[PDB]
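Trainee: Below is one structure. I have some questions about it.
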Amino acid sequence: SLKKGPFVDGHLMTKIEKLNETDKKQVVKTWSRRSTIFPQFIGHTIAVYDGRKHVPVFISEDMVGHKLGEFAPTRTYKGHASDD
Amino acid sequence: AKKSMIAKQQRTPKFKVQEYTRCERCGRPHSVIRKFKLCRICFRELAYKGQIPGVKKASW
Amino acid sequence: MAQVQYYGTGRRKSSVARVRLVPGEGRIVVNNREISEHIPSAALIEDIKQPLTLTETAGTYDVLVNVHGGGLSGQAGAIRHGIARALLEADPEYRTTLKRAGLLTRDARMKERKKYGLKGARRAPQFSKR
Amino acid sequence: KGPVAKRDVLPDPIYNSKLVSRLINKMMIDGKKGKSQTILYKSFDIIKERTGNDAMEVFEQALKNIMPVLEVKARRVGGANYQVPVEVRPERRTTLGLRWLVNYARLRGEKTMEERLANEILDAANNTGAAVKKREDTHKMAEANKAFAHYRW
Amino acid sequence: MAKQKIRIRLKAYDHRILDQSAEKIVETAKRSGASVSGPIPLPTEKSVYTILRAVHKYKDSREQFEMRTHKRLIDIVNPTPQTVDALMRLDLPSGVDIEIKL
Amino acid sequence: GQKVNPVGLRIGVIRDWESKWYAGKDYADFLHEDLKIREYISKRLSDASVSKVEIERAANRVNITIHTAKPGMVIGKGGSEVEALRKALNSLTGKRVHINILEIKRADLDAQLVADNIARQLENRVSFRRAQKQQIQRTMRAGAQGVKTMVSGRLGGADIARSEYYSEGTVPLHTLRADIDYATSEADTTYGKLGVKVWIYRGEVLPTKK
RNA sequence: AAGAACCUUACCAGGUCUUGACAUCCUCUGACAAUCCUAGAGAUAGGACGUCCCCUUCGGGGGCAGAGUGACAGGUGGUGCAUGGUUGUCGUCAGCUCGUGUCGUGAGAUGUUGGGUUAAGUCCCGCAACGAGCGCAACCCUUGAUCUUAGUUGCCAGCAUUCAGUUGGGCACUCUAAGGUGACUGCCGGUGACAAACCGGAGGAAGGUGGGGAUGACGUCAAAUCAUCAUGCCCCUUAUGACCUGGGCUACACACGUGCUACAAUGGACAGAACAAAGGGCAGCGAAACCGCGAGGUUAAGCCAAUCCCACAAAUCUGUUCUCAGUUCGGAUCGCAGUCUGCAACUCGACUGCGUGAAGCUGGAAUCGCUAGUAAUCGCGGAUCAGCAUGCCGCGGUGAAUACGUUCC
Numbered sequence: 335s336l337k338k339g340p341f342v343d344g345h346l347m348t349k350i351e352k353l354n355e356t357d358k359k360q361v362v363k364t365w366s367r368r369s370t371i372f373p374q375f376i377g378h379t380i381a382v383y384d385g386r387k388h389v390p391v392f393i394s395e396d397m398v399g400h401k402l403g404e405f406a407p408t409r410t411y412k413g414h415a416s417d418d
Numbered sequence: 045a046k047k048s049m050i051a052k053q054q055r056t057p058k059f060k061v062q063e064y065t066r067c068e069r070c071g072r073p074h075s076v077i078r079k080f081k082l083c084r085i086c087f088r089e090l091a092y093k094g095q096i097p098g099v100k101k102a103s104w
Numbered sequence: 473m474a475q476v477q478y479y480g481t482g483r484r485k486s487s488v489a490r491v492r493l494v495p496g497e498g499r500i501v502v503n504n505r506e507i508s509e510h511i512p513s514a515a516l517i518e519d520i521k522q523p524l525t526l527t528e529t530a531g532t533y534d535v536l537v538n539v540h541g542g543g544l545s546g547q548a549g550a551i552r553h554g555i556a557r558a559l560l561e562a563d564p565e566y567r568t569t570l571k572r573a574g575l576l577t578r579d580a581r582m583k584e585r586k587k588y589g590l591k592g593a594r595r596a597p598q599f600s601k602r
Numbered sequence: 202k203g204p205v206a207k208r209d210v211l212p213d214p215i216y217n218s219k220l221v222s223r224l225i226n227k228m229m230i231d232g233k234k235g236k237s238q239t240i241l242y243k244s245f246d247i248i249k250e251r252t253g254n255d256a257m258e259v260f261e262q263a264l265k266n267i268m269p270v271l272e273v274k275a276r277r278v279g280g281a282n283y284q285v286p287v288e289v290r291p292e293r294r295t296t297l298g299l300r301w302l303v304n305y306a307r308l309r310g311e312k313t314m315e316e317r318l319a320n321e322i323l324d325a326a327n328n329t330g331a332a333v334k335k336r337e338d339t340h341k342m343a344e345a346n347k348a349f350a351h352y353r354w
Numbered sequence: 464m465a466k467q468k469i470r471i472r473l474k475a476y477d478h479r480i481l482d483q484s485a486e487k488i489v490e491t492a493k494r495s496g497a498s499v500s501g502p503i504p505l506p507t508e509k510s511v512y513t514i515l516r517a518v519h520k521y522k523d524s525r526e527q528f529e530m531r532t533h534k535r536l537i538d539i540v541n542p543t544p545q546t547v548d549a550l551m552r553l554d555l556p557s558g559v560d561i562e563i564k565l
Numbered sequence: 003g004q005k006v007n008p009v010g011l012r013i014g015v016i017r018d019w020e021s022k023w024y025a026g027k028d029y030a031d032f033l034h035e036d037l038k039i040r041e042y043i044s045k046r047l048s049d050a051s052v053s054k055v056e057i058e059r060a061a062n063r064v065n066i067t068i069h070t071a072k073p074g075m076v077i078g079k080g081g082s083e084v085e086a087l088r089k090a091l092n093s094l095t096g097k098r099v100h101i102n103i104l105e106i107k108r109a110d111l112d113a114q115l116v117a118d119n120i121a122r123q124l125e126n127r128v129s130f131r132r133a134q135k136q137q138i139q140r141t142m143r144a145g146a147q148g149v150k151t152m153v154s155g156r157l158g159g160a161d162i163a164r165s166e167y168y169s170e171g172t173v174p175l176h177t178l179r180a181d182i183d184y185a186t187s188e189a190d191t192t193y194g195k196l197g198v199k200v201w202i203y204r205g206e207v208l209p210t211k212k
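Residue numbers (the numbering used here), protein chains in the order written: chain A, 335 to 418; chain B, 45 to 104; chain C, 473 to 602; chain D, 202 to 354; chain E, 464 to 565; chain F, 3 to 212.
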């Protein structure tokens with residue numbers, strides 16, 4: 335990125351804000367993987383829309399600046415014939 | 045789907061970056077020079093038709 | 473408006489020069505700089521100065537030349553053809569020995585325009601059967 | 202077809218002779234007359250420094266010493282190749298001489314290219330070195346097998 | 464002694480139209496006027512364009528169509544208002560880039 | 003090629019562009035309006051016919067002169083038709099208009115007209131060979147130094163494909179002073195479309211000087 | 001493919017629509033259109049703030065929306081073994097043909113063969129043939145020499161001015177673009193039928209189709225493109241169509257084609273000095289000044305441009321330094337920290353600073369290009385383009401080796 339600053343679409347902002355202030359709801363899908371993780375966002379688990387299937391993702395304290403959608407690879411491995 | 049494409053283009057894009065160039069004479073996108081907004085083939089056929097001066101062809 | 477002097481334009485491969493054969497010590501002047509200085513060292517500069525030496529030898533006339541365009545060797549060659557044609561305009565009689573010298577004409581040649589499908593205006597990058 | 206006209210080289214101011222300009226043509230790499238110029242004058246200087254003698258003389262003797270008298274030419278008229286020895290054209294003589302000269306000079310391995318061109322040209326002066334050895338090898342491939350190229354072809 | 468002077472400039476793709484326009488635009492300058500500088504040449508800038516021949520592949524074959532752009536200048540020391548009123552009418556040519564400035 | 007269009011070569015040295023002007027802040031927009039004018043003249047090509055329209059523009063002005071074998075088709079009775087066309091074009095161009103008219107002598111000599119005519123004959127399902135023969139005879143009546151003509155695509159509906167051509171007199175496209183008119187047309191038979199081409203050698207042009 | 005982050009994009013997945021995203025006819029009301037809120041990933045739906053305009057004695061005129069309706073619209077759906085159109089290929093190789101006539105039972109042949117000559121079916125001579133058409137050539141453009149016309153924003157020699165052609169002046173010259181001049185074997189000599197033509201020499205800026213480009217003949221390959229456009233036929237239609245979010249077009253054990261960078265002392269690194277051409281620029285180029293090591297930023301003059309800007313030419317030269325090694329060789333890969341563009345740089349952008357320092361010390365079998373300003377190599381610009389050019393198209397710098405010859409491919 336650059337400066338001022340990391341950019342969530344902003345709906346995730348109010349969502350995680352309301353989820354932080356109250357309710358403590360867990361597991362929620364999102365199509366907007368472009369959004370970066372935030373300190374207020376910590377500890378939540380989001381189903382990430384790779385396209386084929388949502389992949390749930392827990393948020394450790396260590397991850398912030400990495401993109402939220404980065405953790406789930408759309409790519410399928412490998413695929414190769416004769417292993418070993 | 046060229047009618048759907050030109051309909052997609054003539055309508056205002058949600059973001060200004062989206063507006064790719066395309067000629068009016070033909071609905072083909074891609075490989076369209078921006079300065080004249082013509083097809084390479086559009087400009088080809090018009091070149092044999094002759095639309096602008098001048099010489100034409102392969103000078104210098 | 474001073475003492476009479478001959479001059480001869482001389483170009484090569486898009487590099488034009490304007491020589492002036494004012495009589496004097498014979499020290500050469502290129503762009504207000506000595507030929508020993510403007511293109512060090514460079515031995516080829518003596519080849520720029522050869523035509524005057526090949527003709528009777530020697531005056532020697534002072535040269536005030538202004539050149540523009542091309543590279544160093546090209547503009548220097550322009551100095552050469554330029555002093556050559558100026559020497560041609562010196563006296564008509566000299567031209568006879570000059571036919572033996574060649575050393576005129578400026579043969580027009582310059583790098584060819586690139587052909588489409590070719591990198592070197594002649595060279596083709598590659599070919600491969602199958 | 203027929204023979205083609207060939208341009209004469211602009212003479213080198215030092216040492217006057219055009220043949221040295223032919224060296225300026227052959228030794229040159231990446232189209233740089235100036236690099237050939239510097240290596241040429243430094244070559245004359247290093248020749249001037251060790252074992253005093255005129256550079257033009259040792260050079261002339263060297264070039265006379267590096268020109269083959271005969272050369273083979275392979276031709277597959279049948280099973281296996283058959284080289285045919287023949288008297289060499291003098292232009293081809295100086296060409297092969299200068300080319301094997303610069304080529305073997307390139308591989309001398311000395312830290313200074315000028316000093317190894319010096320060692321090489323003096324080896325040509327002394328009837329030794331890789332160049333004279335190679336001309337001798339061409340002399341061996343020739344004469345010994347000239348019988349097929351006696352007056353047949 | 465120097466003073467600002469009107470200096471009309473012409474530009475066109477075709478040249479015959481351009482110098483015919485030059486003759487027409489200086490001819491009005493000659494009548495009811497004075498001095499009248501000639502149409503001095505300008506370097507002219509062409510625009511090359513390489514385009515593929517085939518509808519599909521065969522990129523190795525192409526063609527170069529290009530568009531040159533000529534330019535010219537004309538001057539007159541005497542503003543002479545009558546030929547300026549005469550200047551307002553110009554039947555020819557449809558294809559010309561006249562530009563007036565003082 | 004195998005055959006580059008002569009029309010792409012004749013222009014400049016021996017012929018003028020169909021539409022000349024200058025640009026300009028908006029080189030594209032003039033071309034857009036002019037191509038649109040071609041789009042509506044093409045609608046006028048449906049029966050009134052036209053060999054060609056010449057176009058000139060000079061800032062808030064236009065000179066879309068027409069030349070046609072049948073001048074009265076576009077004028078109408080009392081000249082009302084050319085006026086209504088003038089309004090129909092004025093409504094579109096957004097600028098002042100005054101469309102002009104011209105009547106070509108010996109109109110069959112023009113390539114565009116004979117090509118459109120033989121194409122209509124192909125629409126009439128007359129034999130293509132006899133039609134090309136009548137073409138050569140008619141252009142022979144027109145009087146010309148040399149004429150060539152060609153047709154392609156399905157011919158009579160026979161076979162998967164066929165192409166034919168007939169000619170008489172010199173037709174030197176490689177000549178740079180030949181002043182050869184070129185034309186193409188596109189017939190629409192139920193069996194399929196028919197390609198149409200014709201070359202007309204009007205004769206060499208001699209340059210003048212004063 | 002002259003720019004796949006979204007779009008493009010067609011394909012996948014999910015969420016939505018069925019006279020429709022796009023065009024026309026009908027009836028039919030009504031201006032059309034927008035300002036925000038709410039829910040949603042968007043797509044859109046639910047509300048209010050809002051439109052309610054223009055010419056007509058009342059029928060109307062006009063774009064345009066909405067409603068319904070049959071029609072239709074739509075397909076980058078299939079078919080280049082249905083095509084138009086356009087383009088490769090032998091090949092810029094010199095051939096391919098026709099009219100008339102003759103000959104042959106006929107198919108066919110003659111002309112187009114033969115002699116000389118040419119890059120050429122080029123020319124010449126002869127020939128039962130004489131012509132002609134499409135090509136080659138010529139005609140065009142570009143480059144080079146020179147004249148004339150015309151001298152600013154360009155030009156600076158002769159004069160003064162200044163940091164500066166910058167400013168007086170000059171309008172010579174360079175330079176610029178119009179009209180001319182010039183090359184045609186023509187002049188001489190020799191050969192040849194005294195023909196064509198070749199060779200040699202002179203004249204000449206350029207000599208024997210001057211150099212380069214354009215110019216691609218009949219046709220071959222059912223060659224390529226239904227996907228540029230057009231469209232015969234066939235198929236689909238609350239879906240082979242339309243909208244949207246995200247993906248993918250960039251996969252990864254590997255093979256191949258084609259480029260780039262190197263494997264180094266003719267070199268690397270540092271410092272100083274010096275010579276270009278052409279092209280682009282107003283939704284732009286953006287100087288100068290300033291901030292940051294850098295990338296860039298702040299700010300802003302000038303320029304619709306022979307004025308100003310992009311912009312500094314690089315190799316090279318001159319010295320200093322390393323002294324032959326996986327190296328002060330090369331830069332890979334990756335880490336960290338920044339930066340430009342964009343709603344937005346995870347997939348899948350570019351650039352910079354710092355750090356990390358693969359492989360490679362010239363490459364088997366095999367194979368490619370090029371006869372001179374060509375090969376060799378160094379930088380620059382442009383089309384493309386929000387951003388992204390080792391690709392492509394051009395520009396100039398430096399600038400060779402060899403061509404005995406048609407034995408062989």
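For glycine and all other residues, C-beta sits at the position ideal for the given N, C-alpha and C.
Closer than 8 Å, Cβ to Cβ, to anything on chain C: give me those residues from the segment 503–516 of chain E, in chain order.
Mentor: Residues passing the 8 Å Cβ filter: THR513.
Trainee: Looking at C-beta atoms only, is the number of pairs between the segment 27–47 of chain F and the segment 506–522 of chain E that lie closer than 8 Å three or more?
Mentor: Too few Cβ pairs lie closer than 8 Å, so no.
Trainee: With a threshold of 6 Å on Cβ separation, who are the neighbours of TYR216 (chain D) within its own chain once the five nearest residues in sequence on each side are excluded?
Mentor: So the list reads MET257, once near-sequence residues are dropped.
Trainee: Flag this pair as yes or no: are the beta carbons of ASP534 (chain C) and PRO495 (chain C) separated by less than 8 Å?
Mentor: Yes, the Cβ-Cβ distance between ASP534 (chain C) and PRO495 (chain C) is below 8 Å.
Trainee: Which same chain residues, not among the five before or five after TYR184 (chain F), have their C-beta less than 7 Å away from its C-beta?
Mentor: Correct list, in chain order: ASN7, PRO8, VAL9, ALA113 and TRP201.
Trainee: Shorter than 8 Å from the beta carbon of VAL559 (chain E) to some beta carbon of chain F?
Mentor: Answer yes: the Cβ-Cβ gap between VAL559 (chain E) and chain F drops below 8 Å somewhere.
Trainee: Can you check DSSP and say which residues form a bridge with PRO390 (chain A)?
Mentor: Bridge partners of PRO390 (chain A): A:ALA381.
Trainee: Taking 8 Å as the CB-CB cut-off, is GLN95 (chain B) touching chain F?
Mentor: By this cut-off, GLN95 (chain B) is an interface position.
Trainee: Do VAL491 (chain C) and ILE555 (chain C) have their CB atoms nearer than 8 Å?
Mentor: Closer than 8 Å, so yes.
Trainee: Which residues in chain F have a C-beta closer than 7 Å to the C-beta of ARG69 (chain B)? List them in chain order.
Mentor: Chain F residues near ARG69 (chain B): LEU37.
Trainee: For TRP19 (chain F), go through chain B and note every residue whose CB falls closer than 8 Å to its CB, in chain order.
Mentor: Neighbours of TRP19 (chain F) on chain B, chain order: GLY94, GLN95, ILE96, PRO97 and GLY98.
Trainee: Could you tell me which residues DSSP pairs with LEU473 (chain E) in its beta bridges?
Mentor: DSSP lists E:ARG535 as partners of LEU473 (chain E).
Trainee: Of all the residues that make up the segment 165–198 of chain F, which are near chain E by a beta-carbon distance shorter than 8 Å?
Mentor: Correct list: empty, as no residue qualifies.
Trainee: Are any of the Cβ atoms in chain B nearer than 8 Å to that of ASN7 (chain F)?
Mentor: Yes, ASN7 (chain F) counts as interfacial toward chain B.
Trainee: Just the chain B side, please: which residues come within less than 9 Å of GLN483 (chain E) by C-beta, in chain order?
Mentor: Chain B residues near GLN483 (chain E): none, gap ~14 Å exceeds 9 Å.
Trainee: In whole angstroms, give me the CA-to-CA distance for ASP418 (chain A) and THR410 (chain A).
Mentor: Roughly 20 Å separates the two Cα atoms.
Trainee: Check each candidate in E:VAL489, E:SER484, E:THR532 and E:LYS468 and name the one with the smallest Cα separation from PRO556 (chain E).
Mentor: Selected option, being the one with the closest Cα: E:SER484.
Trainee: Can you check which of these residues, F:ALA121, F:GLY3, F:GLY26 and F:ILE68, is closest to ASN62 (chain F) by C-alpha distance?
Mentor: Among F:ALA121, F:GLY3, F:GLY26 and F:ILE68, the Cα nearest to that of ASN62 (chain F) belongs to F:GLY26.
Trainee: Could you tell me which uninterrupted beta strand (DSSP E) segments, each at least 3 residues in length, are contained entirely in the segment 31–102 of chain F, listed from first to last along the chain?
Mentor: Here the runs fully enclosed are 54–58 and 67–69.
Trainee: What does the alpha-carbon distance come out to for the pair residue 418 (chain E) and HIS533 (chain E)?
Mentor: Residue coverage of chain E in this structure runs from 464 to 565, which leaves residue 418 (chain E) outside it and unanswerable.
Trainee: Rounded to whole angstroms, what is the Cα-Cα separation between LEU536 (chain C) and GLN238 (chain D)?
Mentor: So the two alpha carbons sit approximately 28 Å from each other.
Trainee: Do the segment 195–210 of chain F and the segment 140–156 of chain F meet, that is, are 3 or more Cβ pairs less than 8 Å apart?
Mentor: Touching, yes.
Trainee: Can you tell me which of the three DSSP states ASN7 (chain F) falls into?
Mentor: Correct three-state label for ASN7 (chain F): coil.
Trainee: Where do the N-terminal and C-terminal ends of the alpha helix (DSSP H) with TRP301 (chain D) fall, by residue?
Mentor: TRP301 (chain D) -> alpha helix (DSSP H) spans 291–307.
Trainee: Could you name the residues of chain B that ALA30 (chain F) contacts, counting a contact when the two beta carbons are closer than 7 Å?
Mentor: In chain order: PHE80 and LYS81.
Trainee: Do you know how far the Cα of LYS60 (chain B) is from the Cα of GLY377 (chain A)?
Mentor: For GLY377 (chain A) and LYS60 (chain B), the distance between alpha carbons rounds to 37 Å.
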